[PDB]
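**Student:** Below is a structure I'd like to ask you about.
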Amino acid sequence: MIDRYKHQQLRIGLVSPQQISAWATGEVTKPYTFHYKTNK
Amino acid sequence: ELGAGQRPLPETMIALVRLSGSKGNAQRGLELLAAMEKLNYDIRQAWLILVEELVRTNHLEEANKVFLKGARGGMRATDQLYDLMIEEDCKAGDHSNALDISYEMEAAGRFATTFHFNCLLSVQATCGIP
Amino acid sequence: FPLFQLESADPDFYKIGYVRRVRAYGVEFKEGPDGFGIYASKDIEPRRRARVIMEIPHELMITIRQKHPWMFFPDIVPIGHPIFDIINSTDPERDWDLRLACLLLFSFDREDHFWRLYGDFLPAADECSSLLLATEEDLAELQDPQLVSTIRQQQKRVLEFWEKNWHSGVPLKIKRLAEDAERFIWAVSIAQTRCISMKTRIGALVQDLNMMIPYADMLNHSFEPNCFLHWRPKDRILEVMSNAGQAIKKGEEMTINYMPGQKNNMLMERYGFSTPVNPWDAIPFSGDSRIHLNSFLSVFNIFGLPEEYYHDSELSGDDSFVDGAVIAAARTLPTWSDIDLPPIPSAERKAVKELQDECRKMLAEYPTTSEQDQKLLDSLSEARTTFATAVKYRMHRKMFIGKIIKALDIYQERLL
Ligand SMILES: Nc1ncnc2c1ncn2[C@@H]1O[C@H](CSCC[C@H](N)C(=O)O)[C@@H](O)[C@H]1O
């Protein structure tokens, strides 16, 4: 008979700076985790 | 004929079905096939005729719709019509229909051979994914 | 209130198989003057799938490979036995019946073999309808020179094999199998009339086999059977299955199709019988006059493609006329077809008349008629089985030609 064909692939690759930006947009610019007073 | 109370002959319906296919009227051809079932006739032969007419008159898209409905409905097509549908779809770059039919051809009980595989490969070789 | 309101076969026939795992479901083996048969002992209701009617274990069969090399399943011939040399000396194509006959005679000689017991329910030399047992006078009643010459070649081939391999110098273990030619001829007759050829898978090996299958060789032939054979590879059981969705009434005979697509002369050469409703029987017409194939099929409600012609019995109600003979008439009559061109009635009447004249010319070739043959059979008291078979054969052909004249008469009138 004919096989029930199933074509799936996953690939890894090194990521461009453009793709890194496209993931986020998003820039973290401050070393702060959580406010002490508001706990926000 | 129906208004006169007469019962149309099975050949009479086949003449109308074959005519509908020659004009590409798949909807009318399917309506007449439904009538033949209602008249308790055997629609397998008339369904075969409808599909070949649509293919011959360059209505391959309509032919595929009619063929699949019959094949999925349980009717088993002729081996010559199976080879016709697969080959014509693959010449037109329609792998999706040609693969659907070949799956139904094997479900009916007719196993695919080298000829049918060579038809699907003719399209698979141009997709850019080896 | 409940207070106010064909003989069964030998009980030991089923029992010897039953103690060896033969199972029959809803059927009984019945014996008549014409032989054994399998009949529904009760109303077999339709189901969504084919019902199991009989189960026959593989170990009760005698099978040989259809194709060289000759291997036996189950393997019963000892290594070095002289019977293998006799089997191995046969023609691979033509002598399948000789190979099975040697195995059959060898099996009767084995104490533990099932066919030592089952062989007592096989038809004897004067009860088997095979034409290999027919005398020259029985062949004289066929009225078919082509079939007669075919049988004479078969009888010559079978006899010469016995004379070559059962001469004076052979070992006693060979002599005692076929002491006389008639014993070997009888074995070949059993082989021809009862062999079932199927493609089987045994373990991992798929092969074609010629099989002697007990209790399934009691199913009679029909070209519209209600049963079929199915090999179950996993437990090596031959199944007799009734057709899915088909209701079988109590007392109805259970039948299989011995030989799809074969004419009566083929049924006579192999199984020594013929049917009047053979849908494949042919008649030689000149082709000068032709009728409209589409009209003839629709008049009699014959549907499907030519190779799958069938009668829509639900579109006729009570028309008992249409049967396999009319289907055979559709395939054998000279026909024309022009897609959807209709036939002129007056031109079709001339063809029907000319076809009927040619049908009567052929009936006039036979010295007797089909009624005179039918009463000859009823008047018989000391006739050989093959003599009656030869008469039934020629009567069936006459009944077929007569059916064509009747069908053409109906068709000619129903074209108005
Ligand atoms: N439809 C049919 N009409 C007449 N004889 C038939 C028949 N189907 C089977 N037979 C007979 O059955 C034989 C096949 S073996 C079938 C059972 C057999 N009666 C027996 O006693 O073992 C054939 O030789 C043929 O003579």
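We label chains A, B, ... in the order they appear in the structure tokens, count residues from 1 in each chain, and number ligands from 1 in the order shown.
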Taking only C-alpha atoms and all ligand atoms into account, list the residues no farther than 8 Å from ligand 1, as a list in words.

**Tutor:**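 Checking only C-alpha atoms and all ligand atoms against ligand 1 at 8 Å gives residues 34, 35, 36, 37, 121, 122, 123, 128, 129, 130, 193, 194, 216, 217, 218, 219, 220, 221, 222, 255, 270, 271, 272, 273, 274 and 275 of chain C.
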
**Student:** Once you have the residues from the selection above, write them out as an mmCIF file, in the first residue's frame, restricted to N, CA, C and O atoms.

**Tutor:**
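The resulting file, again.cif, is shown below:
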data_model
loop_
_atom_site.group_PDB
_atom_site.id
_atom_site.type_symbol
_atom_site.label_atom_id
_atom_site.label_comp_id
_atom_site.auth_asym_id
_atom_site.auth_seq_id
_atom_site.Cartn_x
_atom_site.Cartn_y
_atom_site.Cartn_z
ATOM 1 N N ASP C 34 -28.255 -37.553 -5.252
ATOM 2 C CA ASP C 34 -27.227 -36.880 -6.033
ATOM 3 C C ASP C 34 -25.966 -36.571 -5.235
ATOM 4 O O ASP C 34 -24.962 -36.169 -5.832
ATOM 5 N N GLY C 35 -25.983 -36.751 -3.916
ATOM 6 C CA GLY C 35 -24.776 -36.685 -3.127
ATOM 7 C C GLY C 35 -24.951 -35.843 -1.887
ATOM 8 O O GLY C 35 -26.061 -35.447 -1.517
ATOM 9 N N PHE C 36 -23.826 -35.568 -1.235
ATOM 10 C CA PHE C 36 -23.800 -34.772 -0.022
ATOM 11 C C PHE C 36 -24.058 -33.301 -0.332
ATOM 12 O O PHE C 36 -23.922 -32.839 -1.467
ATOM 13 N N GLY C 37 -24.418 -32.562 0.710
ATOM 14 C CA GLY C 37 -24.597 -31.127 0.603
ATOM 15 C C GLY C 37 -24.600 -30.522 1.986
ATOM 16 O O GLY C 37 -24.700 -31.222 2.996
ATOM 17 N N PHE C 121 -16.480 -41.321 3.082
ATOM 18 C CA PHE C 121 -17.579 -40.464 2.672
ATOM 19 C C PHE C 121 -17.352 -39.846 1.304
ATOM 20 O O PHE C 121 -18.155 -39.019 0.870
ATOM 21 N N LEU C 122 -16.279 -40.216 0.628
ATOM 22 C CA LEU C 122 -16.066 -39.800 -0.743
ATOM 23 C C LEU C 122 -16.908 -40.654 -1.687
ATOM 24 O O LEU C 122 -17.127 -41.841 -1.431
ATOM 25 N N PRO C 123 -17.402 -40.072 -2.777
ATOM 26 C CA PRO C 123 -18.154 -40.868 -3.750
ATOM 27 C C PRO C 123 -17.289 -41.975 -4.329
ATOM 28 O O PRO C 123 -16.095 -41.794 -4.572
ATOM 29 N N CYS C 128 -19.157 -41.073 -8.458
ATOM 30 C CA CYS C 128 -18.510 -39.823 -8.824
ATOM 31 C C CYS C 128 -18.912 -39.415 -10.235
ATOM 32 O O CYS C 128 -18.939 -40.240 -11.152
ATOM 33 N N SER C 129 -19.217 -38.132 -10.410
ATOM 34 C CA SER C 129 -19.693 -37.622 -11.689
ATOM 35 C C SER C 129 -18.569 -37.182 -12.614
ATOM 36 O O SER C 129 -18.852 -36.669 -13.702
ATOM 37 N N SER C 130 -17.315 -37.360 -12.214
ATOM 38 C CA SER C 130 -16.199 -36.985 -13.069
ATOM 39 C C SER C 130 -16.245 -37.761 -14.379
ATOM 40 O O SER C 130 -16.544 -38.957 -14.401
ATOM 41 N N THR C 193 -12.408 -33.212 -9.017
ATOM 42 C CA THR C 193 -13.722 -32.723 -8.622
ATOM 43 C C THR C 193 -13.730 -32.034 -7.265
ATOM 44 O O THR C 193 -14.676 -31.298 -6.970
ATOM 45 N N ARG C 194 -12.716 -32.249 -6.430
ATOM 46 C CA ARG C 194 -12.747 -31.733 -5.071
ATOM 47 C C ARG C 194 -11.599 -30.803 -4.715
ATOM 48 O O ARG C 194 -11.617 -30.234 -3.619
ATOM 49 N N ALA C 216 -15.522 -29.005 3.353
ATOM 50 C CA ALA C 216 -15.706 -27.881 2.451
ATOM 51 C C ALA C 216 -15.823 -28.339 1.016
ATOM 52 O O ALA C 216 -16.428 -27.644 0.195
ATOM 53 N N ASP C 217 -15.270 -29.504 0.713
ATOM 54 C CA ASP C 217 -15.569 -30.166 -0.535
ATOM 55 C C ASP C 217 -16.945 -30.785 -0.535
ATOM 56 O O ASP C 217 -17.245 -31.519 -1.460
ATOM 57 N N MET C 218 -17.776 -30.547 0.479
ATOM 58 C CA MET C 218 -19.185 -30.903 0.426
ATOM 59 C C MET C 218 -20.069 -29.734 0.019
ATOM 60 O O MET C 218 -21.266 -29.932 -0.208
ATOM 61 N N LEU C 219 -19.515 -28.527 -0.071
ATOM 62 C CA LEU C 219 -20.267 -27.394 -0.587
ATOM 63 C C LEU C 219 -20.460 -27.544 -2.087
ATOM 64 O O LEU C 219 -19.505 -27.810 -2.824
ATOM 65 N N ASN C 220 -21.693 -27.378 -2.540
ATOM 66 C CA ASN C 220 -21.969 -27.453 -3.960
ATOM 67 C C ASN C 220 -21.664 -26.114 -4.624
ATOM 68 O O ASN C 220 -21.446 -25.095 -3.965
ATOM 69 N N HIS C 221 -21.627 -26.130 -5.948
ATOM 70 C CA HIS C 221 -21.294 -24.940 -6.712
ATOM 71 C C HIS C 221 -22.539 -24.118 -7.002
ATOM 72 O O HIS C 221 -23.626 -24.660 -7.222
ATOM 73 N N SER C 222 -22.369 -22.801 -6.995
ATOM 74 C CA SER C 222 -23.370 -21.890 -7.520
ATOM 75 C C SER C 222 -22.657 -20.680 -8.093
ATOM 76 O O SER C 222 -21.660 -20.219 -7.533
ATOM 77 N N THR C 255 -23.534 -22.712 -0.736
ATOM 78 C CA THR C 255 -22.808 -22.917 -1.974
ATOM 79 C C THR C 255 -21.647 -21.943 -2.069
ATOM 80 O O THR C 255 -21.644 -20.874 -1.456
ATOM 81 N N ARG C 270 -13.807 -30.418 -15.463
ATOM 82 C CA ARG C 270 -13.193 -30.423 -14.139
ATOM 83 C C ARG C 270 -14.048 -31.171 -13.120
ATOM 84 O O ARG C 270 -13.574 -32.103 -12.465
ATOM 85 N N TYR C 271 -15.310 -30.777 -12.981
ATOM 86 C CA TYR C 271 -16.156 -31.277 -11.909
ATOM 87 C C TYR C 271 -17.217 -32.260 -12.373
ATOM 88 O O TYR C 271 -17.950 -32.792 -11.533
ATOM 89 N N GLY C 272 -17.329 -32.515 -13.671
ATOM 90 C CA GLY C 272 -18.332 -33.453 -14.149
ATOM 91 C C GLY C 272 -19.760 -33.039 -13.869
ATOM 92 O O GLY C 272 -20.587 -33.883 -13.506
ATOM 93 N N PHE C 273 -20.069 -31.756 -14.021
ATOM 94 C CA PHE C 273 -21.444 -31.292 -13.923
ATOM 95 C C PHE C 273 -21.577 -30.019 -14.740
ATOM 96 O O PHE C 273 -20.584 -29.398 -15.126
ATOM 97 N N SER C 274 -22.821 -29.649 -15.017
ATOM 98 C CA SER C 274 -23.125 -28.423 -15.732
ATOM 99 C C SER C 274 -24.356 -27.795 -15.101
ATOM 100 O O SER C 274 -25.096 -28.445 -14.359
ATOM 101 N N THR C 275 -24.555 -26.512 -15.382
ATOM 102 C CA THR C 275 -25.714 -25.799 -14.881
ATOM 103 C C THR C 275 -26.459 -25.155 -16.042
ATOM 104 O O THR C 275 -25.832 -24.665 -16.989
#

**Student:** Given a cut-off of 9 Å, which residues of chain C touch chain B, counting only C-alpha atoms, written out as a PyMOL selection string?

**Tutor:** chain C and resi 294-295+298+303-305+312+314-315+339-340

**Student:** Since we have the selection now, will you write its residues out, keeping C-alpha atoms, as a compact mmCIF listing (two decimals), in the first residue's frame?

**Tutor:**
# COMPACT_ATOMS: atom_id res chain seq x y z
CA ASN C 294 -28.52 -1.25 -23.87
CA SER C 295 -32.19 -2.05 -24.53
CA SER C 298 -32.69 -2.54 -19.43
CA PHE C 303 -27.20 -3.78 -14.49
CA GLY C 304 -23.48 -3.35 -13.95
CA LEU C 305 -20.55 -3.58 -16.28
CA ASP C 312 -31.76 -6.35 -10.00
CA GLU C 314 -36.01 -5.89 -6.76
CA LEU C 315 -36.80 -4.09 -10.04
CA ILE C 339 -23.44 5.54 -26.87
CA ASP C 340 -27.02 6.85 -26.73

**Student:** Applying 9 Å and only C-alpha atoms, which residues near residue 115 of chain B remain after dropping the ones on its own chain fewer than 3 positions away? List them as a PyMOL selection string.

**Tutor:** chain B and resi 83+87+112+118-119

**Student:** Any chance you can output those residues with N, CA, C and O atoms as a PDB file, in the first residue's frame?

**Tutor:**
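The resulting file, selection-v3.pdb, is reproduced below:
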ATOM      1  N   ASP B  83      -6.588   5.097 -13.352  1.00  0.00           N
ATOM      2  CA  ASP B  83      -5.365   5.527 -14.020  1.00  0.00           C
ATOM      3  C   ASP B  83      -5.560   6.845 -14.755  1.00  0.00           C
ATOM      4  O   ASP B  83      -4.604   7.610 -14.917  1.00  0.00           O
ATOM      5  N   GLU B  87      -3.359  10.275 -13.438  1.00  0.00           N
ATOM      6  CA  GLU B  87      -2.440  10.821 -14.429  1.00  0.00           C
ATOM      7  C   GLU B  87      -2.807  12.249 -14.811  1.00  0.00           C
ATOM      8  O   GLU B  87      -1.927  13.110 -14.924  1.00  0.00           O
ATOM      9  N   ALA B 112      -1.847   0.452  -5.565  1.00  0.00           N
ATOM     10  CA  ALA B 112      -1.075   1.284  -6.472  1.00  0.00           C
ATOM     11  C   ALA B 112       0.154   0.538  -6.978  1.00  0.00           C
ATOM     12  O   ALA B 112       0.771  -0.252  -6.262  1.00  0.00           O
ATOM     13  N   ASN B 118       4.847   6.816 -10.082  1.00  0.00           N
ATOM     14  CA  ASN B 118       5.582   7.688 -10.991  1.00  0.00           C
ATOM     15  C   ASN B 118       4.803   8.956 -11.309  1.00  0.00           C
ATOM     16  O   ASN B 118       5.402   9.980 -11.651  1.00  0.00           O
ATOM     17  N   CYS B 119       3.473   8.905 -11.221  1.00  0.00           N
ATOM     18  CA  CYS B 119       2.674  10.108 -11.430  1.00  0.00           C
ATOM     19  C   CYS B 119       2.825  11.075 -10.264  1.00  0.00           C
ATOM     20  O   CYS B 119       3.012  12.280 -10.463  1.00  0.00           O
TER      21      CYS B 119
END

**Student:** Can you check which parts of chain A lie within 9 Å of chain B? Per residue, the shortest pair of atoms and distance in Å to one decimal, counting only C-alpha atoms, sorted by chain and number, as a Markdown table.

**Tutor:**
| residue | atom | partner | partner_atom | distance |
| --- | --- | --- | --- | --- |
| A:1 | CA | B:111 | CA | 6.0 |
| A:2 | CA | B:112 | CA | 7.2 |
| A:4 | CA | B:103 | CA | 8.9 |

**Student:** Mind checking which residues fall within 12 Å of residue 21 of chain B, counting only C-alpha atoms, ignoring those fewer than 6 positions away in the same chain, and posting them as a PDB file with C-alpha atoms, in the first residue's frame?

**Tutor:**
ATOM      1  CA  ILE B  14     -27.656   8.130 -18.486  1.00  0.00           C
ATOM      2  CA  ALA B  15     -28.261  10.229 -21.608  1.00  0.00           C
ATOM      3  CA  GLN B  27     -24.362  20.128 -10.251  1.00  0.00           C
ATOM      4  CA  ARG B  28     -27.017  18.947 -12.702  1.00  0.00           C
ATOM      5  CA  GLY B  29     -25.118  15.700 -13.245  1.00  0.00           C
ATOM      6  CA  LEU B  30     -25.115  15.097  -9.496  1.00  0.00           C
ATOM      7  CA  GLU B  31     -28.815  15.989  -9.232  1.00  0.00           C
ATOM      8  CA  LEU B  32     -29.645  13.389 -11.882  1.00  0.00           C
ATOM      9  CA  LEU B  33     -27.529  10.749 -10.129  1.00  0.00           C
ATOM     10  CA  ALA B  46     -23.802   6.560 -14.677  1.00  0.00           C
ATOM     11  CA  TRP B  47     -21.331   7.981 -12.161  1.00  0.00           C
ATOM     12  CA  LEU B  48     -18.443   6.554 -14.190  1.00  0.00           C
ATOM     13  CA  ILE B  49     -19.817   8.177 -17.353  1.00  0.00           C
ATOM     14  CA  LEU B  50     -20.201  11.557 -15.641  1.00  0.00           C
ATOM     15  CA  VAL B  51     -16.559  11.634 -14.525  1.00  0.00           C
ATOM     16  CA  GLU B  52     -15.101  10.739 -17.932  1.00  0.00           C
ATOM     17  CA  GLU B  53     -17.211  13.403 -19.657  1.00  0.00           C
ATOM     18  CA  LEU B  54     -15.926  16.127 -17.329  1.00  0.00           C
ATOM     19  CA  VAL B  55     -12.321  14.999 -17.817  1.00  0.00           C
ATOM     20  CA  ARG B  56     -12.732  14.846 -21.598  1.00  0.00           C
ATOM     21  CA  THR B  57     -14.279  18.338 -21.757  1.00  0.00           C
ATOM     22  CA  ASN B  58     -11.439  19.893 -19.697  1.00  0.00           C
ATOM     23  CA  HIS B  59     -13.406  20.215 -16.470  1.00  0.00           C
ATOM     24  CA  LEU B  60     -10.830  18.364 -14.384  1.00  0.00           C
ATOM     25  CA  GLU B  62     -15.296  19.501 -11.484  1.00  0.00           C
ATOM     26  CA  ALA B  63     -14.421  15.891 -12.312  1.00  0.00           C
ATOM     27  CA  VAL B  66     -17.661  14.321  -8.552  1.00  0.00           C
TER      28      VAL B  66
END

**Student:** Write out as number ranges by chain each polymer residue whose atoms come within 12 Å of residue 159 of chain C, counting only C-alpha atoms; drop sequence neighbours fewer than 3 positions from it.

**Tutor:** C: 98, 132-133, 152-156, 162-167, 178, 180-188

**Student:** Name the residues of segment 179-250 of chain C that come out as strand (DSSP E or B) in a backbone DSSP run; write them as an NGL selection string.

**Tutor:** :C and (195-202 or 205-212 or 220-221 or 227-232 or 237-242 or 248)

**Student:** Using only N, CA, C and O atoms, please write the residues we just selected to a file, as a tab-separated table (two decimals), in the first residue's frame.

**Tutor:**
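Produced file out.tsv, reproduced below:
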chain	number	residue	atom	x	y	z
C	195	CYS	N	-10.61	-30.62	-5.59
C	195	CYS	CA	-9.48	-29.77	-5.25
C	195	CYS	C	-9.89	-28.31	-5.18
C	195	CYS	O	-10.58	-27.80	-6.07
C	196	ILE	N	-9.45	-27.63	-4.13
C	196	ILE	CA	-9.68	-26.20	-3.95
C	196	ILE	C	-8.33	-25.51	-3.98
C	196	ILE	O	-7.45	-25.82	-3.16
C	197	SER	N	-8.15	-24.59	-4.91
C	197	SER	CA	-6.90	-23.85	-5.04
C	197	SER	C	-7.07	-22.47	-4.44
C	197	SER	O	-7.97	-21.72	-4.83
C	198	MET	N	-6.21	-22.13	-3.48
C	198	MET	CA	-6.22	-20.82	-2.85
C	198	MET	C	-4.79	-20.36	-2.64
C	198	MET	O	-3.85	-21.16	-2.61
C	199	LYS	N	-4.64	-19.05	-2.48
C	199	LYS	CA	-3.41	-18.47	-1.99
C	199	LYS	C	-3.48	-18.41	-0.47
C	199	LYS	O	-4.40	-17.80	0.09
C	200	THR	N	-2.54	-19.06	0.20
C	200	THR	CA	-2.51	-19.12	1.65
C	200	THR	C	-1.19	-18.57	2.16
C	200	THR	O	-0.18	-18.59	1.47
C	201	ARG	N	-1.23	-18.06	3.39
C	201	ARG	CA	-0.02	-17.77	4.14
C	201	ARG	C	0.07	-18.77	5.28
C	201	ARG	O	-0.84	-18.84	6.12
C	202	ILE	N	1.15	-19.54	5.32
C	202	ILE	CA	1.42	-20.46	6.41
C	202	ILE	C	2.69	-19.97	7.09
C	202	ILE	O	3.77	-19.99	6.49
C	205	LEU	N	5.35	-17.86	5.09
C	205	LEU	CA	5.46	-18.27	3.70
C	205	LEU	C	4.10	-18.15	3.02
C	205	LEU	O	3.15	-18.85	3.40
C	206	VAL	N	4.01	-17.28	2.02
C	206	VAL	CA	2.81	-17.13	1.22
C	206	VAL	C	3.00	-17.90	-0.08
C	206	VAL	O	4.01	-17.72	-0.77
C	207	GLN	N	2.04	-18.76	-0.40
C	207	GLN	CA	2.16	-19.58	-1.60
C	207	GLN	C	0.78	-20.02	-2.05
C	207	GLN	O	-0.19	-19.99	-1.29
C	208	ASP	N	0.71	-20.44	-3.31
C	208	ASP	CA	-0.50	-21.02	-3.88
C	208	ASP	C	-0.51	-22.52	-3.62
C	208	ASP	O	0.51	-23.19	-3.82
C	209	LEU	N	-1.65	-23.04	-3.18
C	209	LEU	CA	-1.77	-24.45	-2.85
C	209	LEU	C	-2.95	-25.06	-3.59
C	209	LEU	O	-3.97	-24.41	-3.82
C	210	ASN	N	-2.80	-26.32	-3.96
C	210	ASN	CA	-3.91	-27.18	-4.35
C	210	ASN	C	-4.29	-28.01	-3.14
C	210	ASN	O	-3.45	-28.76	-2.61
C	211	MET	N	-5.52	-27.87	-2.68
C	211	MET	CA	-5.92	-28.39	-1.38
C	211	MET	C	-7.09	-29.35	-1.50
C	211	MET	O	-8.04	-29.11	-2.24
C	212	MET	N	-7.00	-30.45	-0.76
C	212	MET	CA	-8.13	-31.34	-0.51
C	212	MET	C	-8.64	-31.02	0.89
C	212	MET	O	-8.00	-31.37	1.89
C	220	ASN	N	-21.69	-27.38	-2.54
C	220	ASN	CA	-21.97	-27.45	-3.96
C	220	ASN	C	-21.66	-26.11	-4.62
C	220	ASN	O	-21.45	-25.10	-3.96
C	221	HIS	N	-21.63	-26.13	-5.95
C	221	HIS	CA	-21.29	-24.94	-6.71
C	221	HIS	C	-22.54	-24.12	-7.00
C	221	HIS	O	-23.63	-24.66	-7.22
C	227	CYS	N	-21.92	-18.27	0.04
C	227	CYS	CA	-20.77	-18.49	0.90
C	227	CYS	C	-19.49	-18.31	0.11
C	227	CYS	O	-19.49	-18.36	-1.12
C	228	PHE	N	-18.40	-18.09	0.84
C	228	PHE	CA	-17.08	-18.03	0.23
C	228	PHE	C	-16.06	-18.58	1.22
C	228	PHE	O	-16.30	-18.61	2.43
C	229	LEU	N	-14.92	-19.00	0.69
C	229	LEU	CA	-13.85	-19.56	1.49
C	229	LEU	C	-12.86	-18.47	1.87
C	229	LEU	O	-12.58	-17.56	1.08
C	230	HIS	N	-12.34	-18.56	3.09
C	230	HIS	CA	-11.39	-17.57	3.60
C	230	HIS	C	-10.35	-18.28	4.45
C	230	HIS	O	-10.69	-18.92	5.45
C	231	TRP	N	-9.09	-18.16	4.05
C	231	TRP	CA	-8.01	-18.74	4.83
C	231	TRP	C	-7.67	-17.83	5.99
C	231	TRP	O	-7.44	-16.63	5.81
C	232	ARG	N	-7.66	-18.39	7.20
C	232	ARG	CA	-7.28	-17.64	8.39
C	232	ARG	C	-5.85	-18.02	8.74
C	232	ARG	O	-5.62	-19.07	9.35
C	237	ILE	N	-6.74	-22.10	9.74
C	237	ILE	CA	-8.10	-22.61	9.64
C	237	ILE	C	-8.72	-22.08	8.36
C	237	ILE	O	-8.63	-20.87	8.08
C	238	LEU	N	-9.31	-22.96	7.57
C	238	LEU	CA	-10.12	-22.52	6.45
C	238	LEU	C	-11.52	-22.19	6.95
C	238	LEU	O	-12.18	-23.03	7.57
C	239	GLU	N	-11.97	-20.98	6.67
C	239	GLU	CA	-13.29	-20.53	7.05
C	239	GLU	C	-14.22	-20.59	5.85
C	239	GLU	O	-13.84	-20.18	4.75
C	240	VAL	N	-15.41	-21.12	6.06
C	240	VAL	CA	-16.51	-20.93	5.13
C	240	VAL	C	-17.37	-19.80	5.70
C	240	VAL	O	-17.92	-19.92	6.80
C	241	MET	N	-17.44	-18.70	4.97
C	241	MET	CA	-18.16	-17.51	5.42
C	241	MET	C	-19.33	-17.25	4.49
C	241	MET	O	-19.16	-17.24	3.27
C	242	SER	N	-20.51	-17.03	5.06
C	242	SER	CA	-21.63	-16.56	4.27
C	242	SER	C	-21.45	-15.09	3.92
C	242	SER	O	-20.78	-14.34	4.64
C	248	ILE	N	-29.96	-16.03	4.99
C	248	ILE	CA	-30.01	-17.40	4.51
C	248	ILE	C	-31.11	-18.12	5.28
C	248	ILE	O	-31.10	-18.14	6.51

**Student:** If you run DSSP on the backbone, which residues of segment 58-146 of chain C are helix (DSSP H, G or I), as a ChimeraX atom specification?

**Tutor:** /C:58-60,82-88,96-109,114-121,131-133,136-140,145-146

**Student:** Just the residues within 9 Å of residue 387 of chain C, please, counting only C-alpha atoms, with nothing from its chain fewer than 4 positions along; format it as JSON, numbers by chain.

**Tutor:** {"C": [129, 134, 135, 137, 138, 139, 140, 141, 142, 383, 391, 392]}

**Student:** Residue 54 of chain C: which residues within 7 Å, counting only C-alpha atoms, same-chain residues fewer than 2 positions away excluded, as a PDB file with N, CA and C atoms, in the first residue's frame?

**Tutor:**
ATOM      1  N   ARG C  23     -15.584 -27.220  13.180  1.00  0.00           N
ATOM      2  CA  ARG C  23     -16.787 -26.594  13.705  1.00  0.00           C
ATOM      3  C   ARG C  23     -17.690 -26.187  12.553  1.00  0.00           C
ATOM      4  N   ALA C  24     -18.970 -26.517  12.673  1.00  0.00           N
ATOM      5  CA  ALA C  24     -20.002 -26.054  11.760  1.00  0.00           C
ATOM      6  C   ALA C  24     -21.031 -25.276  12.562  1.00  0.00           C
ATOM      7  N   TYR C  25     -21.455 -24.135  12.028  1.00  0.00           N
ATOM      8  CA  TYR C  25     -22.347 -23.224  12.736  1.00  0.00           C
ATOM      9  C   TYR C  25     -23.597 -23.010  11.897  1.00  0.00           C
ATOM     10  N   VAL C  52     -19.277 -16.701  10.145  1.00  0.00           N
ATOM     11  CA  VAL C  52     -18.523 -17.945  10.051  1.00  0.00           C
ATOM     12  C   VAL C  52     -19.511 -19.102   9.994  1.00  0.00           C
ATOM     13  N   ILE C  56     -12.384 -25.351   9.369  1.00  0.00           N
ATOM     14  CA  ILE C  56     -11.701 -26.606   9.093  1.00  0.00           C
ATOM     15  C   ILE C  56     -10.222 -26.428   9.411  1.00  0.00           C
ATOM     16  N   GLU C 239     -11.966 -20.976   6.672  1.00  0.00           N
ATOM     17  CA  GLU C 239     -13.292 -20.525   7.053  1.00  0.00           C
ATOM     18  C   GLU C 239     -14.215 -20.595   5.851  1.00  0.00           C
ATOM     19  N   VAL C 240     -15.413 -21.116   6.062  1.00  0.00           N
ATOM     20  CA  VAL C 240     -16.515 -20.928   5.134  1.00  0.00           C
ATOM     21  C   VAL C 240     -17.367 -19.803   5.696  1.00  0.00           C
TER      22      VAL C 240
END
